[PDB]
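Participant: Sending over a structure as structure tokens; questions will come in a sec.
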Amino acid sequence: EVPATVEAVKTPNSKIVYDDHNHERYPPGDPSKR
Amino acid sequence: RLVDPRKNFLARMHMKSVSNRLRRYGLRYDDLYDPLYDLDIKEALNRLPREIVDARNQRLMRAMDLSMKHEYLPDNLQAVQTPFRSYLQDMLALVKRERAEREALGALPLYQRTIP
Amino acid sequence: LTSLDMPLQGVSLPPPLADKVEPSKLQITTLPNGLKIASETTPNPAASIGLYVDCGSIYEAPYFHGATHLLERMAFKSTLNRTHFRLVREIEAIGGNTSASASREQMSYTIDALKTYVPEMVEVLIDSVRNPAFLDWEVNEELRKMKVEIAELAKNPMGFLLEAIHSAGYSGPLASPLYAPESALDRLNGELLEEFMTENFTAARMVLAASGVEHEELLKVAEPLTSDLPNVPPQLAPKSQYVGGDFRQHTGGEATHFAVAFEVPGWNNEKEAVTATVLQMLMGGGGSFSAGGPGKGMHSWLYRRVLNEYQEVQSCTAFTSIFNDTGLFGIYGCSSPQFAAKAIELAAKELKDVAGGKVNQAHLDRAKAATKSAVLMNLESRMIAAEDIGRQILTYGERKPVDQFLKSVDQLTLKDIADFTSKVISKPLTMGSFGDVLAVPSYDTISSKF
Amino acid sequence: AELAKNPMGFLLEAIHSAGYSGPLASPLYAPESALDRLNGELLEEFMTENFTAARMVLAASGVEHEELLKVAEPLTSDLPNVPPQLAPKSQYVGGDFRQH
Amino acid sequence: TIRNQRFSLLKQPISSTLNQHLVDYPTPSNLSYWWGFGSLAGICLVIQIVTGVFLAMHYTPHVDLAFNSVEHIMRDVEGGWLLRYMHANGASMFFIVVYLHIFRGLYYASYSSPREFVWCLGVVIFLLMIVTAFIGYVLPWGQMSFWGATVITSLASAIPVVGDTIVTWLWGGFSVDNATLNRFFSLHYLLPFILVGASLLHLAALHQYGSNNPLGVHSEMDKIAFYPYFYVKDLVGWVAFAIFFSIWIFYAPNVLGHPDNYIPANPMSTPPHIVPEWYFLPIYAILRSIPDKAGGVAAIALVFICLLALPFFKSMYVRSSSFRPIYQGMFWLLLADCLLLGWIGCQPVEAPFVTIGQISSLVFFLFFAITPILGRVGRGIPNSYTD
Amino acid sequence: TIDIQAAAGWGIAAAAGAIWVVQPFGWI
Amino acid sequence: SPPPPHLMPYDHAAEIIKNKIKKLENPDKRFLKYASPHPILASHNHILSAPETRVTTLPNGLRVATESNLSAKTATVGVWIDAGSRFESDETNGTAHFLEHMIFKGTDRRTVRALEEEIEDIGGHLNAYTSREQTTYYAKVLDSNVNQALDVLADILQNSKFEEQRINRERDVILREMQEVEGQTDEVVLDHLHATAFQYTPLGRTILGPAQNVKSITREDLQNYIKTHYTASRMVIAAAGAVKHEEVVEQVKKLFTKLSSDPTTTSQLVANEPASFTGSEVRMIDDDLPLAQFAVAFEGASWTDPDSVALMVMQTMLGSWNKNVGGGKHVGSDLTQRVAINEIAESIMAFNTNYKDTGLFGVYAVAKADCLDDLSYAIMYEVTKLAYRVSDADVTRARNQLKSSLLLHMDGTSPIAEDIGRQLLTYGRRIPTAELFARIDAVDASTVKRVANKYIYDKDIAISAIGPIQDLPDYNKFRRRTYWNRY
Ligand SMILES: COC1=C(OC)C(=O)C(C/C=C(\C)CC/C=C(/C)CC/C=C(\C)CC/C=C(\C)CC/C=C(\C)CC/C=C(\C)CCC=C(C)C)=C(C)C1=O
Ligand code: HEM
Ligand code: HEM
Ligand SMILES: COC1=C(OC)C(=O)C(C/C=C(\C)CC/C=C(/C)CC/C=C(\C)CC/C=C(\C)CCC=C(C)C)=C(C)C1=O
Ligand SMILES: [Zn+2]
């Protein structure tokens with residue numbers, strides 16, 4: 001078996017899911033809210 | 001110039017007094033130049049050969065020991081002192097020239113003083 | 001402005017070059033002091049100008065160990081006329097690039113820029129080699145970065161082994177390391193570098209080769225800066241004797257390496273050099289650490305045998321290092337720390353196999369075509385063209401045409417390959433191993449295989 | 001690391017491996033690559049299969065045999081009787097060392 | 001070293017900073033007794049704070065009671081006369097030790113690089129010392145207190161636009177009255193703690209580079225630990241200062257001041273000789289000499305501008321007056337000029353003292369005008385005086 | 001030529017802040 | 001009497017060093033005549049002459065472009081295709097790389113050994129490279145074998161077999177390649193930078209693809225990929241060296257007959273699946289690696305955007321350097337000067353990556369763990385400075401260096417053929433050197449300031465870092481250091 005960190009380093013992921021308990025993200029590619 | 005000993009006798013008295021004060025401690029005039037005063041001196045001192053810097057440091061230690069003891073050099077030692085034999089001024093001038101050349105062409109300084 | 005898919009309006013377009021341009025002819029002018037200036041006009045808008053010196057580590061013995069590579073690092077530093085800072089700024093003002101290379105028998109200094117900047121390039125290059133200031137702080141900095149350049153040497157097994165078997169294969173000047181030990185560097189300084197350079201950098205030992213400039217302009221700029229150089233009578237390069245030898249550094253661990261080498265003729269002797277090059281192509285091989293791109297040597301004897309019949313092999317190929325009067329032909333190898341004996345057996349068997357005559361005409365034509373295409377393709381580059389001009393005028397003074405080399409390649413039969421390989425392996429071998437050498441066989445056992 | 005400072009012992013070690021082939025060419029001083037792999041279990045496996053009673057001698061100068069046996073027997077008599085293994089064979093072949 | 005066990009207790013985290021900044025701090029071995037006045041200044045600050053805290057337990061900051069509470073300390077508090085005389089003469093002692101400190105700095109060029117920030121902090125500390133001592137002198141509420149408060153609070157009137165507004169804001173009214181005294185007393189309790197903090201920052205800035213020495217050279221090769229060597233050296237000066245201070249306290253308690261402050265404040269009449277303490281006399285002479293109110297305030301501020309600008313002037317690389325004879329003579333002239341300015345300040349405003357004060361202030365400013373040109377000229381000494 | 005614009009911007013800021021702390025509308 | 005100034009050893013050394021310094025005090029003017037450290041913008045449109053680049057469009061939309069050098073003894077001929085990982089789907093991702101592995105695996109006429117024996121019998125070389133938006137197959141051969149190489153390329157593109165056993169063997173080769181994604185950390189850092197910066201867009205996918213996709217790859221997958229993407233209007237045949245335009249055109253007309261002609265067009269593909277930038281970061285913390293490597297990037301410009309030239313000039317202004325460069329302390333780039341003067345990195349490199357609808361502009365650095373804080377400060381300072389203070393000398397020097405590098409790198413038949421193919425795919429034309437130089441010299445200091453204020457000032461950044469990076473500043477500190485509050 002391969003540990004999760006090694007797999008993450010070896011396999012770039014363009015479909016990243018961020019934690020959503022405190023904040024919900026804007027849709028990807030949205031204009032910045034600066 | 002008025003600071004020329006050969007042309008001006010006041011400069012002759014000044015040079016004689018400075019030489020006599022330096023000779024009492026075995027110090028060269030270039031030994032008064034402190035690396036902590038400017039980074040140009042520090043760089044010039046770092047470019048000098050090791051034996052010269054060791055001789056400078058030994059003279060500084062001897063002078064500090066004399067000053068702490070309220071003593072001067074013995075007259076036999078004072079007779080062999082060369083207070084105005086230079087080892088630093090040419091290298092300092094070269095470092096200054098290189099610094100100015102860097103500034104004229106818009107390059108970053110090779111070293112800078114820390115803000116206290 | 002306008003998008004890059006639309007042509008820019010109001011641009012003055014220069015007339016196009018002809019689809020067939022007549023090649024130019026090398027002009028070689030010799031100065032009374034013995035300095036030779038060569039150039040060829042080129043259609044592309046790039047100029048490559050170099051200075052080539054027949055100095056190297058074969059002149060360090062006995063009191064200048066490490067001087068050549070230090071001089072390589074000290075290239076294009078402060079001169080008597082310009083500071084390092086000013087020289088870097090002049091090179092960058094015209095978009096130039098500098099380079100220096102140090103070898104056992106040659107050093108070079110090159111600058112590359114657009115051909116409109118030839119006077120600046122020539123001026124900066126000669127100031128650099130004629131007037132080094134050799135300031136102590138600059139030498140000390142280049143000596144600290146020499147320690148790293150020598151410590152990271154163990155990270156390249158091929159290079160490390162190559163130097164090591166040069167040391168273990170000769171006795172005289174050729175045995176002097178091209179990467180001096182750390183003890184040998186605590187003696188080097190600016191005075192030593194000046195004394196070494198003044199002795200060896202003479203006009204009759206130096207060539208100014210410029211690919212991509214008219215000879216008139218190059219002469220006009222370079223003549224007033226090199227004639228002052230005095231006439232120094234032509235000495236003789238020292239003699240080196242090829243012997244046998246073994247190199248062994250038992251470091252332990254894993255990933256052993258080796259290189260078995262033999263002696264071959266030098267650049268002088270112009271039918272057998274070729275026999276060595278075509279042999280190197282015939283054995284061929286590859287690094288076995290990466291893949292990609294057919295036709296790089298996947299179907300040579302070394303590759304097709306080792307990497308397609310015996311697994312667990314990390315590297316296997318052939319090398320060549322020819323000097324003026326001698327050379328080194330050998331075979332690399334990585335294998336596995338306990339598979340080392342089998343690996344050396346395989347390599348020796350392959351040398352013996354081509355020695356006997358077990359190679360068919362198809363492989364001979366394949367290697368012959370590989371040799372010819374490798375030589376013709378490597379001349380696509382302007383840099384290589386200039387360097388070849390300089391090296392050949394230093395060695396022969398003529399710049400022999402490539403056509404003569406092409407005929408020698410196409411005059412090679414199997415009987416030649418057979419007799420040359422038989423002669424090469426009938427002489428003492430140079431063995432070198434690096435890594436875990438405990439399981440690696442002795443020198444006598446490997447020598448008895450041939 | 002503090003071994004090259006003594007050329008005598010360094011050469012004496014080097015010419016053992018440069019002249020013999022096999023077990024006697026195995027260094028007494030291992031390189032600093034086999035050390036990163038040495039651990040307590042590797043040493044415990046080495047000792048269990050080598051430190052056997054038939055290969056052990058308890059020698060005393062300055063002692064009477066009687067009470068020496070009295071103390072030693074209860075601490076050693078329970079060692080298993082293992083057959084004697086043949087010594088690994090070395091071959092002198094001759095060779096050359098070198099390092100610049 | 002691997003600090004598994006505890007070694008000497010001074011190197012433990014409980015006292016490592018006090019061991020490194022106070023006990024083991026490297027110090028040039030050739031420091032003279034001239035380098036013992038910073039510690040004397042610190043001891044003076046501590047004496048002032050302790051005596052003032054215990055004096056504030058008996059003083060009333062009200063115009064109907066301040067004078068009488070000061071007399072009640074002199075007369076009724078057990079040990080009260082000693083608390084007062086120590087505080088009053090302590091103030092003069094602080095100024096003596098701080099003047100000697102400053103002139104030590106000027107003779108060795110201690111202000112020069114790399115210690116410019118030390119000198120600027122020192123100047124700020126001097127300003128704080130002046131404000132603190134002035135407002136403290138107003139608390140007794142005698143004749144000198146009241147009229148001295150009336151002038152320095154009017155200095156803001158030199159400002160054209162808001163000057164009168166600033167004067168009446170500082171007063172808390174249209175005259176020097178109870179509001180002025182109460183706010184002075186509050187400021188006078190607070191300012192010494194700001195002085196303590198400023199002194200701490202001063203010492204830290206100095207310890208970034210260590211102390212300059214009487215040769216003015218780099219001193220790394222002959223440094224020694226502050227304790228016990230410079231501890232005992234400073235203790236000698238502390239005991240001598242104690243003898244000096246005791247002479248002033250016990251045998252000449254009032255000769256440093258004026259008898260006029262023993263008269264209760266009268267806003268109607270005005271003393272014919274309104275002077276400040278002796279330690280403000282040079283400043284006050286430089287003020288009286290200019291014949292324009294604004295020009296006087298400008299000159300007073302220019303004094304501190306000149307002090308602050310001294311470290312930053314391009315100069316020669318030699319520090320000590322020991323090897324700069326011309327700068328040495330300029331020093332001995334400046335010191336005489338400052339003693340002349342102080343004497344002139346005590347003189348009434350009448351000939352010939354007006355012209356003498358004008359010339360003396362001119363010479364004071366010439367010192368600072370001439371030092372940079374001397375540095376620029378002397379940068380060429382090593383080229384000129386060869387072997 | 002940006003330091004001058006920065007100086008002008010910060011001068012405007014300093015003036016705005018002055019009128020804002022002291023608010024001298026009854027004096028102008 | 002004092003000793004004379006050569007008796008004491010230290011006095012003698014002082015005399016020697018003083019004499020050397022006096023030697024340097026007097027320069028020789030014969031060697032100070034031509035070179036100047038001040039950069040001057042020069043116009044040399046005379047030397048800029050080059051052979052004509054002929055472009056012919058076939059009736060099916062295929063383009064043939066040649067650069068003839070009949071004095072050459074060699075040639076480079078190849079196919080440049082507007083295809084790559086960006087134009088696949090999520091479930092097809094990785095197919096282009098698999099095809100790159102499988103394309104030299106044999107055809108109906110030729111078997112693997114025949115193909116290798118034909119090529120290396122003439123001494124040729126066969127190269128295949130695939131990227132996110134571009135794919136190229138080309139041959140380096142002698143002048144005689146141009147027709148043979150074109151036949152080889154047309155055969156492999158049109159008549160590949162894709163045997164099932166060959167597919168299964170390549171499947172395990174590629175699976176091991178995925179399992180061995182190490183040792184090339186630059187490539188890994190850039191892959192993760194693309195993945196986070198272009199999250200949820202086709203540009204964010206890796207070329208390699210996921211392991212399940214390569215496990216699922218079959219013959220019909222590859223055939224469908226070639227049918228969908230390898231179409232006449234998306235392909236450019238480029239030749240440089242000893243080649244005649246007319247012979248190449250005739251051979252291409254003869255050989256490239258059974259193409260796909262699928263109506264799928266690259267502009268529409270980019271339009272319906274656009275690429276956008278997402279400010280974000282991925283931090284791969286591994287405290288056993290000896291060196292840290294990270295990249296910081298802003299959203300850049302597309303190929304055809306006029307600001308791309310200014311971004312190239314700006315990249316030259318930032319520069320690139322490693323510890324083996326002799327004169328990093330003296331170069332025109334202030335970032336390189338800071339790094340080399342304070343020894344705060346092993347390597348630094350500014351990159352300007354362009355795509356059809358977006359780009360990446362940023363800096364890649366390798367350094368030790370304890371240098372990271374100062375290195376990050378320096379990188380951000382010098383990048384943000386482009387929006388505030390640009391000297392005419394720096395931009396002039398960068399323009400000169402960029403023109404020089406563009407012309408100097410263009411040596412050999414292979415770089416020329418690659419330039420032709422790339423330009424025909426990205427610009428629709430080969431931009432003549434004079435026009436490119438004219439566009440470059442239109443980038444002045446004010447242009448650099450405007451472009452920097454559009455792309456760098458107060459802008460979101462993408463970070464990808466690996467190694468001992470615990471002291472690399474967090475996203476908020478990099479984001480704050482994109483503007484200066486003193487202006
Ligand atoms: C004949 O005539 C004369 C005398 O008569 C006898 C003299 O005695 C003297 C000698 C006196 C001196 C040399 C002193 C001169 C210099 C100064 C500066 C004196 C000190 C002046 C002051 C009293 C200044 C006092 C300071 C204040 C009132 C500060 C007020 C404000 C405060 C406390 C805070 C400010 C508020 C804020 C910033 C708001 C927010 C605050 C927070 C902390 C949060 C002279 C010259 C003289 O000619
Ligand atoms: C509250 C008053 C002050 C205190 C307690 C104080 C304290 C100290 C101390 C302890 C030192 C280090 C030891 C020494 O050399 O004396 C020192 C150094 C110094 N102080 Fe002060 N100081 C005060 C005021 C000033 C003032 C007003 C100045 C000048 C404007 C000044 C300038 C300096 C300088 C230049 C040094 C460095 C001296 C040298 O290294 O030679 N100080 N101070
Ligand atoms: C926190 C510390 C201090 C407190 C609480 C304090 C308190 C007092 C009080 C209550 C008085 C009025 C009684 C009297 O005049 O004797 C006074 C007077 C005075 N204080 Fe302070 N003080 C402090 C520190 C200082 C300092 C540091 C100085 C020196 C700069 C100073 C200088 C004076 C002066 C000059 C007087 C007038 C003395 C007189 O003539 O009677 N005080 N102080
Ligand atoms: C080598 O370098 C050093 C010097 O230079 C050469 C010195 O001259 C001195 C001696 C002088 C000192 C420490 C001056 C005193 C320190 C300051 C900041 C000046 C004024 C200090 C005051 C008023 C102390 C008030 C602070 C308190 C009470 C803090 C609370 C702490 C406690 C109650 C324990 C020391 C120790 C020194 O090492
Ligand atoms: Zn691959």
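Ligands are numbered from 1 in the order shown, residues from 1 within each chain, and chains are lettered A, B, ... in the order they appear in the structure tokens.
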Throw together the list of residues within 8 Å of ligand 4, counting only C-alpha atoms and all ligand atoms, and drop it here as a short mmCIF file (atom, residue, chain, number, x, y, z; two decimals) with N, CA, C and O atoms, in the first residue's frame.
Facilitator:
data_model
loop_
_atom_site.label_atom_id
_atom_site.label_comp_id
_atom_site.auth_asym_id
_atom_site.auth_seq_id
_atom_site.Cartn_x
_atom_site.Cartn_y
_atom_site.Cartn_z
N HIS E 21 23.55 40.78 29.89
CA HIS E 21 23.49 42.23 29.71
C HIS E 21 24.15 43.01 30.83
O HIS E 21 24.45 44.20 30.65
N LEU E 22 24.38 42.38 31.98
CA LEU E 22 24.84 43.08 33.18
C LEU E 22 26.06 42.47 33.84
O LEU E 22 26.86 43.23 34.41
N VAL E 23 26.28 41.16 33.77
CA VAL E 23 27.36 40.50 34.48
C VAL E 23 28.52 40.17 33.55
O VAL E 23 29.66 40.57 33.80
N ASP E 24 28.25 39.47 32.45
CA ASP E 24 29.28 38.96 31.56
C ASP E 24 29.47 39.83 30.32
O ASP E 24 30.25 39.47 29.43
N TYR E 25 28.81 40.99 30.24
CA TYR E 25 28.86 41.78 29.01
C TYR E 25 30.29 42.25 28.74
O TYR E 25 30.92 42.85 29.62
N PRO E 26 30.82 42.01 27.55
CA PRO E 26 32.21 42.39 27.27
C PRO E 26 32.36 43.91 27.20
O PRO E 26 31.53 44.61 26.63
N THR E 27 33.46 44.40 27.77
CA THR E 27 33.73 45.81 27.96
C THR E 27 35.20 46.06 27.67
O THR E 27 36.05 45.27 28.08
N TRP E 35 34.13 56.81 31.97
CA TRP E 35 33.09 55.90 31.53
C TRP E 35 32.19 55.44 32.66
O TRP E 35 31.30 54.61 32.43
N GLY E 36 32.40 55.94 33.87
CA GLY E 36 31.58 55.59 35.01
C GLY E 36 30.46 56.55 35.34
O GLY E 36 29.88 56.44 36.42
N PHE E 37 30.12 57.47 34.44
CA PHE E 37 29.09 58.46 34.73
C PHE E 37 27.70 58.05 34.25
O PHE E 37 26.72 58.59 34.75
N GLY E 38 27.60 57.11 33.32
CA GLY E 38 26.29 56.57 32.98
C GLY E 38 25.63 55.88 34.16
O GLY E 38 24.45 56.10 34.45
N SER E 39 26.39 55.05 34.86
CA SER E 39 25.88 54.39 36.06
C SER E 39 25.55 55.40 37.15
O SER E 39 24.58 55.23 37.90
N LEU E 40 26.36 56.45 37.27
CA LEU E 40 26.07 57.51 38.23
C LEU E 40 24.76 58.21 37.89
O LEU E 40 23.97 58.53 38.78
N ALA E 41 24.53 58.46 36.62
CA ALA E 41 23.27 59.04 36.14
C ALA E 41 22.08 58.13 36.53
O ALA E 41 21.06 58.64 36.89
N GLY E 42 22.26 56.83 36.32
CA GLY E 42 21.20 55.89 36.69
C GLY E 42 20.92 55.89 38.18
O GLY E 42 19.76 55.87 38.60
N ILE E 43 21.97 55.93 39.00
CA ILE E 43 21.78 55.99 40.44
C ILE E 43 21.11 57.29 40.85
O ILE E 43 20.27 57.32 41.75
N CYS E 44 21.45 58.40 40.20
CA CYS E 44 20.77 59.69 40.44
C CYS E 44 19.27 59.63 40.11
O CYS E 44 18.51 60.13 40.87
N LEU E 45 18.95 59.05 38.97
CA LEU E 45 17.55 58.83 38.58
C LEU E 45 16.85 58.03 39.71
O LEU E 45 15.84 58.48 40.13
N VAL E 46 17.45 56.92 40.16
CA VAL E 46 16.82 56.09 41.19
C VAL E 46 16.63 56.88 42.48
O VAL E 46 15.59 56.79 43.14
N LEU E 195 11.45 58.52 31.63
CA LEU E 195 12.92 58.69 31.65
C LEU E 195 13.61 57.34 31.94
O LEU E 195 14.56 57.04 31.33
N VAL E 196 12.99 56.54 32.79
CA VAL E 196 13.54 55.21 33.06
C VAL E 196 13.48 54.35 31.81
O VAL E 196 14.45 53.67 31.44
N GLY E 197 12.34 54.36 31.12
CA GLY E 197 12.22 53.61 29.88
C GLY E 197 13.19 54.08 28.82
O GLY E 197 13.82 53.27 28.12
N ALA E 198 13.34 55.40 28.68
CA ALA E 198 14.26 55.95 27.69
C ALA E 198 15.70 55.57 28.02
O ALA E 198 16.49 55.28 27.12
N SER E 199 16.05 55.56 29.31
CA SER E 199 17.38 55.12 29.71
C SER E 199 17.61 53.65 29.38
O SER E 199 18.71 53.26 28.96
N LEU E 200 16.59 52.81 29.59
CA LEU E 200 16.72 51.40 29.22
C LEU E 200 16.95 51.23 27.73
O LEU E 200 17.81 50.45 27.30
N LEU E 201 16.19 51.96 26.91
CA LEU E 201 16.39 51.89 25.46
C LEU E 201 17.77 52.42 25.08
O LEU E 201 18.42 51.88 24.17
N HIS E 202 18.23 53.47 25.76
CA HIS E 202 19.57 54.02 25.56
C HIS E 202 20.64 52.96 25.79
O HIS E 202 21.52 52.75 24.95
N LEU E 203 20.55 52.26 26.93
CA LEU E 203 21.53 51.24 27.25
C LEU E 203 21.47 50.07 26.27
O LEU E 203 22.51 49.52 25.90
N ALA E 204 20.27 49.68 25.85
CA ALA E 204 20.15 48.60 24.87
C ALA E 204 20.81 48.98 23.54
O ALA E 204 21.58 48.20 22.96
N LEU E 206 23.18 51.13 23.07
CA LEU E 206 24.62 51.10 23.25
C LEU E 206 25.16 49.68 23.24
O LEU E 206 26.20 49.39 22.63
N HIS E 207 24.46 48.76 23.91
CA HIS E 207 24.93 47.39 23.99
C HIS E 207 24.81 46.64 22.68
O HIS E 207 25.34 45.53 22.57
N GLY E 210 28.45 47.82 21.94
CA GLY E 210 29.42 47.96 23.01
C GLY E 210 29.95 49.38 23.10
O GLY E 210 29.70 50.24 22.26
N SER E 211 30.72 49.61 24.15
CA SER E 211 31.19 50.95 24.46
C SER E 211 32.42 51.32 23.64
O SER E 211 33.26 50.47 23.32
N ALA E 225 35.01 41.22 31.11
CA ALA E 225 33.65 41.18 31.64
C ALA E 225 33.37 42.37 32.55
O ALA E 225 34.24 42.82 33.31
N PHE E 226 32.14 42.88 32.47
CA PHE E 226 31.77 44.03 33.29
C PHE E 226 31.86 43.70 34.77
O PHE E 226 32.42 44.47 35.56
N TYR E 227 31.31 42.56 35.18
CA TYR E 227 31.53 42.19 36.57
C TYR E 227 32.72 41.26 36.68
O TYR E 227 32.88 40.36 35.85
N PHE E 230 34.57 46.37 36.12
CA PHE E 230 33.94 47.67 36.02
C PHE E 230 32.88 47.86 37.09
O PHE E 230 32.53 49.00 37.38
N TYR E 231 32.44 46.78 37.74
CA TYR E 231 31.63 46.94 38.94
C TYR E 231 32.41 47.65 40.04
O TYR E 231 31.92 48.63 40.62
N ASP E 234 33.20 51.25 39.04
CA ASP E 234 32.04 52.11 39.23
C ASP E 234 31.74 52.34 40.70
O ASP E 234 31.23 53.41 41.06
#
Participant: Taking only C-alpha atoms into account, report as JSON, numbers by chain which residues of chain B lie within 6 Å of chain E.
Facilitator: {"B": [4, 32, 33, 34, 37, 61, 67, 68, 84, 85]}
Participant: What residues of the protein or nucleic acid chains come within 7 Å of ligand 1 when you use only C-alpha atoms and all ligand atoms? Reply as a list in words.
Facilitator: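 Selection of residues at most 7 Å from ligand 1: residues 130, 131, 134, 135, 144, 147, 148, 149, 151, 152, 153, 170, 187, 274, 275, 276, 277, 280, 281, 283, 284 and 287 of chain E.
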Participant: What's around stretch 70-76 of chain B at 7 Å? Count only C-alpha atoms, leave out sequence neighbours fewer than 3 positions away in its own chain, and write the answer as a PyMOL selection string.
Facilitator: chain B and resi 24-26+66-67+79
Participant: Residues at most 12 Å from ligand 5, using only C-alpha atoms and all ligand atoms? Could they come as an MDAnalysis selection string?
Facilitator: (chainID C and resid 290:293) or (chainID G and resid 94:103 128:131 170:178 180:181 207:209 214)
Participant: How would the residues just picked look written out with C-alpha atoms as a PDB file, in the first residue's frame?
Facilitator:
ATOM      1  CA  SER C 290      15.554   7.046 -19.011  1.00  0.00           C
ATOM      2  CA  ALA C 291      13.741   6.313 -22.266  1.00  0.00           C
ATOM      3  CA  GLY C 292      12.145   8.281 -25.089  1.00  0.00           C
ATOM      4  CA  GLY C 293      13.088   8.689 -28.734  1.00  0.00           C
TER       5      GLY C 293
ATOM      6  CA  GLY G  94      -3.913  10.500 -20.508  1.00  0.00           C
ATOM      7  CA  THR G  95      -4.792   9.166 -23.970  1.00  0.00           C
ATOM      8  CA  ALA G  96      -2.433  11.540 -25.813  1.00  0.00           C
ATOM      9  CA  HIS G  97       0.573  10.405 -23.756  1.00  0.00           C
ATOM     10  CA  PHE G  98      -0.405   6.765 -24.315  1.00  0.00           C
ATOM     11  CA  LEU G  99      -0.545   7.472 -28.060  1.00  0.00           C
ATOM     12  CA  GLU G 100       2.895   9.062 -27.830  1.00  0.00           C
ATOM     13  CA  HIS G 101       4.143   5.796 -26.331  1.00  0.00           C
ATOM     14  CA  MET G 102       2.261   3.673 -28.890  1.00  0.00           C
ATOM     15  CA  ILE G 103       2.949   5.578 -32.121  1.00  0.00           C
ATOM     16  CA  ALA G 128       7.697  12.360 -30.094  1.00  0.00           C
ATOM     17  CA  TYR G 129       6.659  15.023 -27.594  1.00  0.00           C
ATOM     18  CA  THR G 130       3.212  15.871 -26.241  1.00  0.00           C
ATOM     19  CA  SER G 131       2.210  18.810 -24.045  1.00  0.00           C
ATOM     20  CA  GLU G 170       2.835  -0.102 -22.659  1.00  0.00           C
ATOM     21  CA  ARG G 171       0.083  -0.014 -20.030  1.00  0.00           C
ATOM     22  CA  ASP G 172       2.491  -1.411 -17.435  1.00  0.00           C
ATOM     23  CA  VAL G 173       5.356   0.784 -18.650  1.00  0.00           C
ATOM     24  CA  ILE G 174       3.186   3.873 -18.108  1.00  0.00           C
ATOM     25  CA  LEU G 175       1.834   2.564 -14.794  1.00  0.00           C
ATOM     26  CA  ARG G 176       5.399   2.158 -13.524  1.00  0.00           C
ATOM     27  CA  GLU G 177       6.163   5.648 -14.849  1.00  0.00           C
ATOM     28  CA  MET G 178       3.278   6.992 -12.751  1.00  0.00           C
ATOM     29  CA  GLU G 180       7.968   6.521 -10.229  1.00  0.00           C
ATOM     30  CA  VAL G 181       7.033  10.229 -10.325  1.00  0.00           C
ATOM     31  CA  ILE G 207      -0.309  15.039 -19.392  1.00  0.00           C
ATOM     32  CA  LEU G 208       0.093  11.599 -17.785  1.00  0.00           C
ATOM     33  CA  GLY G 209      -3.486  11.316 -16.516  1.00  0.00           C
ATOM     34  CA  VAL G 214      -4.346   4.130 -18.436  1.00  0.00           C
TER      35      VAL G 214
END
Participant: In Å to one decimal, how far is atom CA of residue G:354 from atom CA of residue G:439?
Facilitator: 17.0 Å
Participant: Taking only C-alpha atoms and all ligand atoms and a cut-off of 7 Å, can you tell me which residues surround ligand 3, written as a PyMOL selection string?
Facilitator: chain E and resi 45+48-50+52-53+55-56+59+70+84+87-88+91+94+129-130+132-134+136-140+188-190+192-193
Participant: What is the atom CA of residue D:8 to atom CA of residue C:438 distance in Å?
Facilitator: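 Pair atom CA of residue D:8 / atom CA of residue C:438 returns 22.2 Å.
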